[PDB]
Amino acid sequence: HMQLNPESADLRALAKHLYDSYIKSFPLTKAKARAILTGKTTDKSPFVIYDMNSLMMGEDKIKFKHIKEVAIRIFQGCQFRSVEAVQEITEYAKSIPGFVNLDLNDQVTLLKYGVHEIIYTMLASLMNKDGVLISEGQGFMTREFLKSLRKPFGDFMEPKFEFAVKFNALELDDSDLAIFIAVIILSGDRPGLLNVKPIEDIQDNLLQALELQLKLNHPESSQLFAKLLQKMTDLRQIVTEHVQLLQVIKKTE
Amino acid sequence: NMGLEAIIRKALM
Ligand SMILES: *c1cc(F)c(C(=O)NCc2ccccc2OC)cc1C(=O)Nc1ccc(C2COC2)cc1F
């Protein structure tokens, strides 16, 4: 028996606060990314990297913010963008009500253990079965071109694609993702937190806001809320595997 | 990890 009452309006106001902050912190939204991927935009058509020749041509014709071997140059562009993403996600976290009022050490811990889960959530927005938008939508690198990179680089992005194809089938929008990402950041189970209860209290309010968002926005998926908590569980495992690949790479390359 | 913490503290300040 859902009612539009003061409590529900406050949850819609929190949802709008997070959406507006998400738009401010993250230049390329899912709406704009999907417009590019489906050829439904007036913006510049991305240059497609689908083989070694189009990569060499792309390095010139795509304008990257960053300044030997192909696989390593690609991994380094990936590393640079990931640094920029940590800054954007941090800027977003500072807008979540209650976050900057937590103990700084806890804010740092929440971001340290949360940013990779948010990175692969937000990468799904930029992905389809064919490939991924790069350079803020100026380029598109294919999934199979990435898989063709020599070991250990060929298997670096493939689990993120596998996750994305299933995640994107839920058809979440930016209003949904803004709350989803805030729920992930305010996880009271991160290792080494000092003060868990104030994190859980914020997360409880974000979970209420998410549940209401998904009921209003997704009339034909009654258990989408449960499905998204399932994905947050899956992202844990994905990031475990990702940090294992990073160790191999940092060590051996 | 030390790198990641350093960037987060920088972005937070
Ligand atoms: C590509 C390569 C890579 F090495 C990482 C990574 O996890 N590096 C570890 C790391 C070390 C020091 C500081 C910070 C670190 O990680 C954050 C990540 C990636 C990668 O996923 N890059 C990347 C590309 C595109 C995007 C889009 C913006 O929203 C999705 C994000 C992103 F992180």
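Numbers restart at 1 for each chain; the letters A, B, ... are given by sequence-line order, proteins then strands. For the numbers below, each heavy atom of this structure counts, side chains included, while hydrogens, waters and symmetry mates do not.
We find that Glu91(A) and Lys24(A) are not joined by a salt bridge, their nearest charged nitrogen and carboxylate oxygen being 4.0 Å or further apart.
Between the side chains of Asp204(A) and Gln208(A), a donor-acceptor pair is found at a separation under 3.5 Å. With hydrogens and angles left out, the side-chain atoms of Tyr22(A) and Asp174(A) include a donor and acceptor closer than 3.5 Å.
Heavy-atom distances place both the backbone and the side chain of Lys112(A) under 4.5 Å from chain B. Heavy atoms of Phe99(A) lying under 4.5 Å from chain B belong exclusively to its side chain. Looking at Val115(A), the atoms closer than 4.5 Å to chain B (heavy atoms on both sides) all sit in the side chain, from C-beta outward. Both the backbone and the side chain of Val108(A) come within less than 4.5 Å of a heavy atom in chain B.
Checked against a 6.0 Å centroid threshold, the rings of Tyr120(A) and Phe161(A) do not count as neighbours.
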